[PDB]
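Heads up, the thing below is written out as C-alpha cells.
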Amino acid sequence: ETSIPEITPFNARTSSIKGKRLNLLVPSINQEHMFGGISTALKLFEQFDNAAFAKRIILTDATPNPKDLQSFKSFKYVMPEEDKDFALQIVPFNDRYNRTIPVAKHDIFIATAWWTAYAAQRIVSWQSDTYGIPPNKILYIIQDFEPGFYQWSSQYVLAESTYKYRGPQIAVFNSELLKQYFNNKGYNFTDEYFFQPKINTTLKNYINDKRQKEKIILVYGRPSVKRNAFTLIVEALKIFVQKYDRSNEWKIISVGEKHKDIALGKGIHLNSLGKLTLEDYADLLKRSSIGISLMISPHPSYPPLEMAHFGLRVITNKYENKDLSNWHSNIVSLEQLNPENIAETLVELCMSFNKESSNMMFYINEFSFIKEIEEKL
Amino acid sequence: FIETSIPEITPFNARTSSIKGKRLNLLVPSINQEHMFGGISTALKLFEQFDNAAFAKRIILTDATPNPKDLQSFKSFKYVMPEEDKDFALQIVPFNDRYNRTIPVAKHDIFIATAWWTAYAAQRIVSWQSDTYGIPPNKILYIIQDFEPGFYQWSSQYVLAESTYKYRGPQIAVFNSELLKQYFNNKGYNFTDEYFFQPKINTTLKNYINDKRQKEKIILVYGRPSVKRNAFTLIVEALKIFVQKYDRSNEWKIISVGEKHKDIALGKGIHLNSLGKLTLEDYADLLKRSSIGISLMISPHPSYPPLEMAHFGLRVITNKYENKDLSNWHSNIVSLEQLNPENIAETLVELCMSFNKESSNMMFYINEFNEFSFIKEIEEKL
Ligand SMILES: Cc1cn([C@H]2C[C@H](O)[C@@H](COP(=O)(O)OP(=O)(O)O[C@H]3O[C@@H](C)[C@H](O)[C@@H](O)[C@H]3O)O2)c(=O)[nH]c1=O
Ligand SMILES: Cc1cn([C@H]2C[C@H](O)[C@@H](COP(=O)(O)OP(=O)(O)O[C@H]3O[C@@H](C)[C@H](O)[C@@H](O)[C@H]3O)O2)c(=O)[nH]c1=O
C-alpha cells in the first residue's frame, strides 16, 4: 500500500441552492450495515427540524440496493452529477474519482466515521475559500475513540487528527464515559454534548416478565469486532472447562454474530445462536444467569448493561475511566484481563448460583440538546 | 476461517531441574541475523552486561530457531535441546515449537523478558516455580522497548500485552528511553523497581559526525512500510502533495532508507527512490550530504533516525506523541503536532525555502558511556 484509501479526495463543486441544509456523511445506509453507530446517527439526524433545514444524506462507502432505499421512501435518490434542491435527498458518493458533489454556500456537514469528518473538515476549507465566508461549524458524532480501531500507524494519527482540527466543530459523544475519555486526553471542540445509553425499547417490554433462571453462561461473541475480544473469551472458557469440575452442569451460549461452534473440552461446546431477534434475545436473557461481554474501549457497550438489567451476573472489563462495577450490582468488572482471571471469576459466579442495586437509572428512565444545537447552525 | 485461540500465549511448559546455582534466562523471540534489529539486539547487549562470573546464562528462543550461520555470533554458547538438562555456564535453547514439550526450570532460575508475550510466559513460569519449589516468587526482569499494546488495535492482543504491565508480582522494569518510562508513569503502571537507558549515538556513525559536510538538495526519508509506527504511507501522501504544491520541487532529490521497497511515483516525474538498508558507513555518508529529513515514530519512544539526522545537520520533520516533543531536544528538529499530509507538505516547503547543528539539549546522546550503569545495582537484587 502506497496510499491511504480512507482519505481519497472528497471533491466538491459550487451550487446555487440558497437555503440552510444539513448533510449527513455516513459510510452506508444498507440494512446489512444498519447496526453499530450508523443507526444511532440516523436516529439523531432524524431529530433535526426538517422545517428549518433541508436534509441530504451522503453515502461515502457503500451504495444501496432498491430494498435498502425502502427505509428512506421520503428521500429522493439523486446522483452526484445532478444538483436538485429537494428537501430530502440521498446521494451516493463512494465512487468519487474524478467526480464531485454540489456543495452550497450554507451546507452544514454532520460527520460520523473519522474519515467522514476528515473529508468534512477539508470541504469546509474549500467552502470558505470558494464563497469567501468564515468557516461553518461541523457537527461531529463521535461513537468511539476511533484511532483505537488501528494499531499505531498512519490510520491511527489520521483518525486522531480529526479531533485536533482547530476549526469550528461541535462534538456529540456517544456516552458520557467517552466524553470524559476525550476530555482527559485534552481534546478541544467548540462545544461538547453527549447522549447516555438507553435500554432498547423492545427489550424494555420484557424487563418485568418473570424469570426462570437456568444454568446458562451467555457470551457476547463477535469474532469480527476486535473490541469485543472474542478470542480472549474463548481461551478463558477453555481454562474454565478444565479447572471447574461442575462445568458439565452449565450451558455456554454465544450471541451477537454467527460463528461455528467451538469445542472447549470435556465434550462441552460454545454454541453460536448468531444474532437473535430482539424478542428471542429478550427470552434468552430472562433464562440466563451469567454473562460475559467485553468492550476494549472507554465506551460501556450495550450488552453488559442489558444483561445486568435482566438479572445476570455479568463479567466485563475496566478501561481507563470506565468501571461498570459501580453502575450496577450485577456487574463484575475485571481490572487484570487475562484468560485465568476470567476463568477464576467465572468459577466464583457459578458457585454463587447455589437485580439488587443500580446507579444508572438514566438507562431505563436523550436528544434534548438537538434544538440547542440547531440554534448554532 | 476464524481464529479461536491466541498464538502469542501458547503455554510455556516447564519441568523441574537439579541445577542449583543462580541462572539468568533471556526470553527472546529470535537471535537470527535476519531479526537482529529492533530491540532484540539491545536486549542481547544488555544481557551481555550481567556478570557471567556470578551467573550462568541461558538464552531461550521463543519464536524462531537459528541456522548454523546465526549461531556463529554465539560461539561461546552451547546449543542445547529442551529435552536435555545440562548445567553449562552458557546455553541456548530453542523453544518456539513447544506443544507437548517442556524446558527445565531450576529453583533459582531468574527470567528476563523482552517482547510482551515473553513476559506473559515468564510471569506464569514464576507462579509455577514458587508452587513447585515452595518458594516466594522470584523477581522478573522486564526489558520494555515500547508500549507494546500499541502494536495492536483494541483487541485481545492489546489487553494481553498490557496485562503484563499490570502484573502484581515482583517485577523490575528497564525502559528503553526516559520518554517511554515517563509515558508508563503517566498511565499509572507499577513495578517493583524502574530503570531506563537513554538513546546513544551509533558508535560507527559517531566516527563521521565531525567530517566536513557538503550539503545537497536531498530530502532523506526513513521509509519502513512494514513498521506501521513509522507511518510510511502518511509520508508518501505528504510527499505527493509537496510535489504538486511546490514549484521548486524539481530542484530536490527524495530518497528513502531503512527498508527496501519499490520506487514510488510522486508526480512531475519525481520518484521516491529506495536505497533499502544501507551499511552504517554509506548511511553516514548519505547523512552528511542530506539537508532535510523526515522520520516519524507513532509512539512515546523517540526512535533513532530523527536524532541521527539532527546531529548530522539535517532539518528533521518528526511528530509529537503525548509526552514526546523532540523540538526542545535539538534545534534541527521540527516537531509537528497536527499530523496530516498537508502539514508535512507545508512544513516541507518551508524547510526547502530556508535552504536558500546549532543548539542541543540532549548531550547525553553523544557523551559519557556506561549507559548500563544500573546493571550491577540490578545484579544485587536477584
Ligand atoms: C446479542 C444481541 C443483541 N441484539 C441487539 C440488542 C443490543 O442492544 C444491540 C447491540 O448492538 P450494537 O451494534 O452494539 O448497538 P446498537 O446501535 O445496534 O443498539 C442500540 O440501539 C439503540 C437504538 C438503542 O437505544 C440502544 O439501547 C442499543 O440497543 O444488538 C440483538 O438484536 N440480538 C442479539 O442476539
Ligand atoms: C536508515 C538506516 C538505518 N540503519 C540503522 C542505524 C539506526 O541506528 C538503526 C535504527 O533501527 P532500529 O531498529 O529503529 O533501532 P536499532 O535497534 O536497529 O538501532 C539501535 O541499536 C542500538 C543497540 C544502538 O546503540 C543505537 O545507536 C541504534 O543503532 O538502523 C542502517 O544500518 N541503515 C539505514 O539505511
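Labels used: A, B, ... for chains in the order of the C-alpha cells, numbers from 1 for residues in each chain, and numbers from 1 for ligands as shown.
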
Using only C-alpha atoms, I'd like a table of the residues in chain A that come within 6 Å of chain B; for each, show the closest atom pair and its distance in Å rounded to one decimal, ordered by chain and ascending number, as a tab-separated table.
residue	atom	partner	partner_atom	distance
A:2	CA	B:233	CA	5.5
A:3	CA	B:233	CA	5.7
A:148	CA	B:153	CA	5.5
A:149	CA	B:153	CA	5.2
A:150	CA	B:153	CA	4.3
A:151	CA	B:152	CA	4.3
A:152	CA	B:229	CA	5.4
A:153	CA	B:228	CA	4.6
A:154	CA	B:231	CA	4.9
A:226	CA	B:155	CA	4.6
A:227	CA	B:155	CA	5.0
A:229	CA	B:156	CA	4.9
A:231	CA	B:4	CA	5.3
A:232	CA	B:156	CA	5.4
A:296	CA	B:154	CA	5.7

- Message: If you run DSSP on the backbone here, which positions in stretch 224-297 of chain B get strand (DSSP E)? Please write them as JSON, numbers by chain.
- Response: {"B": [253, 254, 255, 256, 257, 258, 264, 265, 266, 267, 270, 271, 272, 273, 274, 292, 293, 294]}

- Leaving out residue B:115 and any residue of its chain fewer than 2 positions from it, which residues lie within 9 Å of it when counting only C-alpha atoms, given as a PyMOL selection string? chain B and resi 27-29+39-40+113+117-120+142-145+148+161

- Message: Can you pull out every residue with an atom within 8 Å of ligand 1? Use only C-alpha atoms and all ligand atoms and format it as a VMD selection string.
- Response: chain A and resid 34 to 40 43 197 to 201 203 220 255 to 257 273 to 281 301 to 303 306

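Those residues that approach residue A:175 to within 9 Å, counting only C-alpha atoms, are residues 143, 194, 195, 196, 197, 299 and 300 of chain A; same-chain residues fewer than 5 positions away are not listed.
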
Take the residues from that selection and write them out as an mmCIF file, in the first residue's frame, keeping N, CA and C atoms.
data_model
loop_
_atom_site.group_PDB
_atom_site.id
_atom_site.type_symbol
_atom_site.label_atom_id
_atom_site.label_comp_id
_atom_site.auth_asym_id
_atom_site.auth_seq_id
_atom_site.Cartn_x
_atom_site.Cartn_y
_atom_site.Cartn_z
ATOM 1 N N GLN A 143 -18.674 8.168 18.065
ATOM 2 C CA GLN A 143 -19.207 6.925 18.622
ATOM 3 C C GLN A 143 -18.188 6.185 19.485
ATOM 4 N N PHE A 194 -23.399 15.098 24.678
ATOM 5 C CA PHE A 194 -23.377 13.645 24.688
ATOM 6 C C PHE A 194 -24.771 13.106 24.951
ATOM 7 N N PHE A 195 -24.998 11.864 24.547
ATOM 8 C CA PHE A 195 -26.242 11.176 24.861
ATOM 9 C C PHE A 195 -25.934 9.878 25.594
ATOM 10 N N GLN A 196 -26.591 9.671 26.730
ATOM 11 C CA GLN A 196 -26.369 8.477 27.537
ATOM 12 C C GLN A 196 -27.058 7.260 26.930
ATOM 13 N N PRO A 197 -26.495 6.065 27.165
ATOM 14 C CA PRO A 197 -27.120 4.816 26.714
ATOM 15 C C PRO A 197 -28.536 4.669 27.264
ATOM 16 N N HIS A 299 -15.987 3.324 26.006
ATOM 17 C CA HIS A 299 -17.421 3.122 25.840
ATOM 18 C C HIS A 299 -17.865 1.850 26.558
ATOM 19 N N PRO A 300 -19.040 1.898 27.198
ATOM 20 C CA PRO A 300 -19.529 0.774 28.006
ATOM 21 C C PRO A 300 -20.075 -0.377 27.164
#

Using 7 Å as the limit and counting only C-alpha atoms and all ligand atoms, can you tabulate each residue of chain B that touches ligand 2, with its shortest atom-to-atom distance in Å and the two atoms involved, as CSV?
residue,atom,partner,partner_atom_place_in_ligand_line,distance
B:37,CA,ligand 2,18 (O),4.3
B:38,CA,ligand 2,13 (O),3.6
B:39,CA,ligand 2,17 (O),5.2
B:41,CA,ligand 2,23 (C),5.9
B:42,CA,ligand 2,23 (C),4.6
B:45,CA,ligand 2,23 (C),6.9
B:199,CA,ligand 2,26 (C),6.7
B:200,CA,ligand 2,27 (O),5.3
B:201,CA,ligand 2,27 (O),4.6
B:202,CA,ligand 2,27 (O),3.4
B:203,CA,ligand 2,27 (O),6.7
B:222,CA,ligand 2,1 (C),5.9
B:257,CA,ligand 2,35 (O),4.6
B:258,CA,ligand 2,1 (C),3.8
B:276,CA,ligand 2,35 (O),6.2
B:277,CA,ligand 2,35 (O),3.7
B:278,CA,ligand 2,35 (O),3.8
B:279,CA,ligand 2,32 (O),5.1
B:280,CA,ligand 2,32 (O),4.7
B:283,CA,ligand 2,35 (O),5.3
B:303,CA,ligand 2,14 (O),5.8
B:304,CA,ligand 2,8 (O),5.4
B:305,CA,ligand 2,7 (C),5.9

Atoms to include: N, CA and C atoms. Write the selected residues as a CSV table (one decimal), in the first residue's frame.
chain,number,residue,atom,x,y,z
B,37,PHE,N,17.7,-6.8,14.8
B,37,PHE,CA,17.5,-5.4,14.7
B,37,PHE,C,16.7,-4.9,15.9
B,38,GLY,N,15.6,-4.2,15.7
B,38,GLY,CA,14.8,-3.6,16.7
B,38,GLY,C,15.4,-3.6,18.1
B,39,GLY,N,14.7,-4.3,19.0
B,39,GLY,CA,15.2,-4.4,20.4
B,39,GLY,C,15.8,-5.7,20.8
B,41,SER,N,18.5,-6.8,19.5
B,41,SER,CA,20.0,-6.5,19.6
B,41,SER,C,20.3,-5.8,20.9
B,42,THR,N,19.4,-4.9,21.3
B,42,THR,CA,19.5,-4.1,22.5
B,42,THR,C,19.5,-5.0,23.8
B,45,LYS,N,22.6,-6.9,24.1
B,45,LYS,CA,23.6,-6.0,24.5
B,45,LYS,C,23.6,-5.9,26.0
B,199,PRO,N,18.9,6.9,24.8
B,199,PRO,CA,19.5,6.6,23.5
B,199,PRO,C,20.9,7.1,23.4
B,200,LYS,N,21.8,6.4,22.7
B,200,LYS,CA,23.2,6.8,22.5
B,200,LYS,C,23.5,6.6,21.0
B,201,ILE,N,24.2,7.6,20.5
B,201,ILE,CA,24.5,7.6,19.0
B,201,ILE,C,25.3,6.4,18.6
B,202,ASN,N,24.8,5.8,17.5
B,202,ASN,CA,25.5,4.6,17.0
B,202,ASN,C,27.0,4.9,16.9
B,203,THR,N,27.8,3.9,17.4
B,203,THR,CA,29.2,4.1,17.6
B,203,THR,C,29.9,4.3,16.2
B,222,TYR,N,13.0,8.2,6.2
B,222,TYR,CA,13.0,6.9,6.9
B,222,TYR,C,11.8,6.1,6.5
B,257,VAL,N,15.4,5.5,2.9
B,257,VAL,CA,16.3,4.5,3.5
B,257,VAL,C,15.7,3.8,4.7
B,258,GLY,N,16.2,2.6,5.0
B,258,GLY,CA,15.7,1.8,6.2
B,258,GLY,C,15.2,0.4,5.8
B,276,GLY,N,16.9,1.0,0.4
B,276,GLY,CA,16.9,0.0,1.4
B,276,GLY,C,17.7,0.3,2.6
B,277,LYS,N,18.2,-0.7,3.2
B,277,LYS,CA,19.0,-0.5,4.4
B,277,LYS,C,20.5,-0.4,4.1
B,278,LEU,N,21.1,0.8,4.2
B,278,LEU,CA,22.5,1.0,3.8
B,278,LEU,C,23.4,0.5,5.0
B,279,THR,N,24.6,0.2,4.7
B,279,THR,CA,25.6,0.0,5.7
B,279,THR,C,25.7,1.2,6.5
B,280,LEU,N,26.2,1.1,7.8
B,280,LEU,CA,26.3,2.3,8.6
B,280,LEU,C,27.2,3.3,8.0
B,283,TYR,N,25.2,5.0,5.0
B,283,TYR,CA,24.2,5.7,5.7
B,283,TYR,C,24.9,7.0,6.3
B,303,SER,N,12.7,7.1,18.8
B,303,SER,CA,13.4,6.4,17.7
B,303,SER,C,14.7,7.1,17.4
B,304,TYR,N,15.6,6.4,16.6
B,304,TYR,CA,16.9,6.9,16.5
B,304,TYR,C,17.2,7.8,15.3
B,305,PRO,N,16.7,7.4,14.1
B,305,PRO,CA,16.9,8.2,12.9
B,305,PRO,C,16.7,9.7,13.0

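Between atom CA of residue A:317 and atom CA of residue A:218 there is a distance of 15.8 Å.
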
- Item | Spatial neighbours of stretch 325-333 of chain B, 10 Å, only C-alpha atoms, chain gap at least 3 places, as a count of residues only | 31

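Here the DSSP assignment of helix (DSSP H, G or I), based on backbone atoms, applies within stretch 183-255 of chain A to residues 183, 184, 185, 201, 202, 203, 204, 226, 227, 228, 230, 231, 232, 233, 234, 235, 236, 237, 238, 239, 240, 241, 242, 243, 247, 248 and 249 of chain A.
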
Resulting file, chosen residues, N, CA, C and O atoms, as a tab-separated table (two decimals), in the first residue's frame:
chain	number	residue	atom	x	y	z
A	183	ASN	N	-11.95	14.32	27.12
A	183	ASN	CA	-11.53	15.42	27.99
A	183	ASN	C	-10.18	15.15	28.67
A	183	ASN	O	-9.33	16.04	28.74
A	184	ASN	N	-10.00	13.93	29.16
A	184	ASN	CA	-8.76	13.56	29.83
A	184	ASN	C	-7.55	13.62	28.90
A	184	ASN	O	-6.46	14.00	29.32
A	185	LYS	N	-7.75	13.25	27.64
A	185	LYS	CA	-6.65	13.28	26.67
A	185	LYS	C	-6.41	14.69	26.15
A	185	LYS	O	-5.48	14.93	25.40
A	201	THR	N	-35.79	-0.31	23.34
A	201	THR	CA	-37.21	-0.16	23.62
A	201	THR	C	-37.98	-1.49	23.58
A	201	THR	O	-38.86	-1.74	24.41
A	202	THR	N	-37.64	-2.35	22.62
A	202	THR	CA	-38.24	-3.68	22.56
A	202	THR	C	-37.92	-4.48	23.81
A	202	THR	O	-38.81	-5.08	24.42
A	203	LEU	N	-36.65	-4.48	24.20
A	203	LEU	CA	-36.21	-5.24	25.38
A	203	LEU	C	-36.89	-4.76	26.66
A	203	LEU	O	-37.20	-5.56	27.54
A	204	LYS	N	-37.14	-3.46	26.75
A	204	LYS	CA	-37.75	-2.89	27.95
A	204	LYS	C	-39.14	-3.49	28.22
A	204	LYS	O	-39.60	-3.51	29.36
A	226	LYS	N	-13.03	-6.70	16.98
A	226	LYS	CA	-11.91	-6.93	17.89
A	226	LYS	C	-12.12	-6.35	19.29
A	226	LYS	O	-11.67	-6.93	20.27
A	227	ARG	N	-12.78	-5.20	19.37
A	227	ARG	CA	-13.08	-4.56	20.65
A	227	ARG	C	-13.84	-5.48	21.60
A	227	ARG	O	-13.86	-5.25	22.80
A	228	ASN	N	-14.49	-6.50	21.05
A	228	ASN	CA	-15.26	-7.44	21.85
A	228	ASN	C	-14.45	-8.66	22.33
A	228	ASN	O	-14.97	-9.54	23.01
A	230	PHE	N	-13.26	-11.56	21.31
A	230	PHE	CA	-13.83	-12.90	21.18
A	230	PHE	C	-12.83	-14.01	21.54
A	230	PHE	O	-13.15	-14.94	22.29
A	231	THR	N	-11.61	-13.92	21.01
A	231	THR	CA	-10.60	-14.94	21.23
A	231	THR	C	-10.14	-15.01	22.69
A	231	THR	O	-9.82	-16.09	23.19
A	232	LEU	N	-10.10	-13.86	23.36
A	232	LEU	CA	-9.76	-13.83	24.77
A	232	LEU	C	-10.81	-14.58	25.59
A	232	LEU	O	-10.48	-15.28	26.54
A	233	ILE	N	-12.07	-14.43	25.20
A	233	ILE	CA	-13.18	-15.09	25.88
A	233	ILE	C	-13.11	-16.60	25.70
A	233	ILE	O	-13.29	-17.36	26.66
A	234	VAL	N	-12.86	-17.04	24.48
A	234	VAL	CA	-12.74	-18.47	24.18
A	234	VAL	C	-11.64	-19.12	25.02
A	234	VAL	O	-11.87	-20.16	25.65
A	235	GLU	N	-10.46	-18.51	25.03
A	235	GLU	CA	-9.34	-19.01	25.83
A	235	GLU	C	-9.74	-19.10	27.30
A	235	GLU	O	-9.37	-20.05	28.00
A	236	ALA	N	-10.47	-18.11	27.78
A	236	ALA	CA	-10.91	-18.09	29.16
A	236	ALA	C	-11.87	-19.25	29.43
A	236	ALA	O	-11.79	-19.90	30.48
A	237	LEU	N	-12.76	-19.51	28.48
A	237	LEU	CA	-13.73	-20.59	28.61
A	237	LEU	C	-13.05	-21.95	28.66
A	237	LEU	O	-13.45	-22.83	29.42
A	238	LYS	N	-12.01	-22.12	27.84
A	238	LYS	CA	-11.28	-23.38	27.80
A	238	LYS	C	-10.67	-23.71	29.17
A	238	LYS	O	-10.77	-24.84	29.64
A	239	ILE	N	-10.05	-22.71	29.79
A	239	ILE	CA	-9.49	-22.89	31.12
A	239	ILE	C	-10.59	-23.19	32.13
A	239	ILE	O	-10.41	-24.02	33.03
A	240	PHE	N	-11.73	-22.52	31.98
A	240	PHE	CA	-12.86	-22.71	32.87
A	240	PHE	C	-13.39	-24.15	32.80
A	240	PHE	O	-13.68	-24.77	33.83
A	241	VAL	N	-13.50	-24.67	31.59
A	241	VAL	CA	-13.99	-26.03	31.39
A	241	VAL	C	-13.04	-27.06	32.00
A	241	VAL	O	-13.47	-28.12	32.47
A	242	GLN	N	-11.75	-26.75	32.00
A	242	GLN	CA	-10.73	-27.66	32.52
A	242	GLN	C	-10.60	-27.61	34.03
A	242	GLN	O	-10.47	-28.64	34.68
A	243	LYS	N	-10.64	-26.40	34.59
A	243	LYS	CA	-10.41	-26.24	36.02
A	243	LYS	C	-11.66	-26.43	36.87
A	243	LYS	O	-11.57	-26.75	38.05
A	247	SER	N	-18.45	-27.89	35.68
A	247	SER	CA	-18.70	-27.18	34.42
A	247	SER	C	-19.72	-27.90	33.54
A	247	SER	O	-20.40	-27.27	32.73
A	248	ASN	N	-19.81	-29.22	33.69
A	248	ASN	CA	-20.74	-30.01	32.89
A	248	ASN	C	-22.19	-29.65	33.19
A	248	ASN	O	-23.09	-29.97	32.41
A	249	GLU	N	-22.40	-28.97	34.31
A	249	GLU	CA	-23.73	-28.53	34.72
A	249	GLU	C	-24.19	-27.32	33.92
A	249	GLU	O	-25.36	-26.93	33.99

- Residues near residue A:370, cut-off 10 Å, only C-alpha atoms, skip fewer than 5 positions along chain, as a list in words: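 The contact residues come out as residues 44, 45, 47, 48, 49, 172, 193 and 375 of chain A.
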
- Item | Who sits within 10 Å of residue B:95, only C-alpha atoms, same chain under 3 positions skipped, as a ChimeraX atom specification | /B:12-13,27,29,59-65,81-82,92,98-99,101-103

Keeping N, CA, C and O atoms for every residue in the selection just given, could you write it to a file as a CSV table (one decimal), in the first residue's frame?
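Result went into again12.csv, see below:
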chain,number,residue,atom,x,y,z
B,12,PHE,N,3.8,-22.2,28.0
B,12,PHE,CA,5.2,-22.3,28.1
B,12,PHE,C,5.6,-23.3,29.2
B,12,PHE,O,5.9,-22.9,30.3
B,13,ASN,N,5.4,-24.5,28.9
B,13,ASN,CA,5.6,-25.6,29.9
B,13,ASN,C,7.0,-25.8,30.4
B,13,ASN,O,7.9,-25.8,29.7
B,27,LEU,N,14.6,-14.4,27.6
B,27,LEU,CA,13.5,-14.8,26.7
B,27,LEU,C,13.4,-13.9,25.5
B,27,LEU,O,13.0,-12.7,25.7
B,29,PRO,N,12.4,-13.7,21.2
B,29,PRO,CA,11.8,-14.3,20.0
B,29,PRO,C,12.8,-15.0,19.1
B,29,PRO,O,12.5,-16.1,18.6
B,59,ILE,N,19.9,-18.5,27.0
B,59,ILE,CA,19.0,-17.8,26.1
B,59,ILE,C,18.0,-18.7,25.6
B,59,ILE,O,18.3,-19.8,25.0
B,60,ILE,N,16.7,-18.4,25.8
B,60,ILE,CA,15.6,-19.2,25.3
B,60,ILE,C,14.9,-18.6,24.2
B,60,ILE,O,14.4,-17.5,24.3
B,61,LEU,N,15.0,-19.2,23.0
B,61,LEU,CA,14.3,-18.7,21.8
B,61,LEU,C,12.9,-19.1,21.8
B,61,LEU,O,12.5,-20.3,21.8
B,62,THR,N,12.0,-18.1,21.7
B,62,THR,CA,10.5,-18.4,21.8
B,62,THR,C,9.8,-18.4,20.5
B,62,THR,O,8.6,-18.9,20.5
B,63,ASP,N,10.4,-17.9,19.4
B,63,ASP,CA,9.6,-17.8,18.2
B,63,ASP,C,10.4,-18.3,16.9
B,63,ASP,O,9.8,-18.9,16.0
B,64,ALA,N,11.7,-18.1,16.9
B,64,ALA,CA,12.5,-18.5,15.7
B,64,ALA,C,13.7,-19.3,16.0
B,64,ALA,O,14.5,-18.9,16.8
B,65,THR,N,13.9,-20.5,15.4
B,65,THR,CA,15.1,-21.3,15.5
B,65,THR,C,16.2,-20.7,14.6
B,65,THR,O,15.9,-20.3,13.5
B,81,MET,N,19.0,-28.8,23.3
B,81,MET,CA,17.6,-29.1,23.1
B,81,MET,C,16.8,-29.0,24.4
B,81,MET,O,17.4,-29.3,25.5
B,82,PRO,N,15.5,-28.6,24.4
B,82,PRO,CA,14.7,-28.5,25.6
B,82,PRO,C,14.7,-29.8,26.4
B,82,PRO,O,14.5,-29.7,27.6
B,92,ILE,N,22.1,-22.0,24.9
B,92,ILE,CA,21.0,-21.5,24.1
B,92,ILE,C,20.0,-22.7,23.8
B,92,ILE,O,20.4,-23.7,23.4
B,98,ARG,N,6.6,-25.7,21.0
B,98,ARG,CA,6.5,-26.0,22.4
B,98,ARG,C,5.5,-27.1,22.7
B,98,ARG,O,5.5,-27.7,23.8
B,99,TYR,N,4.6,-27.4,21.8
B,99,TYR,CA,3.4,-28.3,22.1
B,99,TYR,C,3.9,-29.6,22.7
B,99,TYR,O,4.7,-30.3,22.0
B,101,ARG,N,5.9,-30.3,24.9
B,101,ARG,CA,7.3,-30.3,25.3
B,101,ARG,C,7.5,-29.3,26.5
B,101,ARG,O,6.7,-28.5,26.8
B,102,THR,N,8.7,-29.5,27.2
B,102,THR,CA,8.9,-28.6,28.3
B,102,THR,C,10.4,-28.1,28.3
B,102,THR,O,11.3,-28.7,27.6
B,103,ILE,N,10.7,-27.1,29.2
B,103,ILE,CA,12.0,-26.6,29.4
B,103,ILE,C,12.3,-26.7,30.9
B,103,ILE,O,11.6,-26.3,31.7

- Among the residues B:44, B:53, B:266, B:375, the one that comes closest to residue B:21 [using only C-alpha atoms]: B:53

- Using only C-alpha atoms, the shortest atom-to-atom distance to residue A:364 among A:330, A:8, A:205, A:127 belongs to A:205
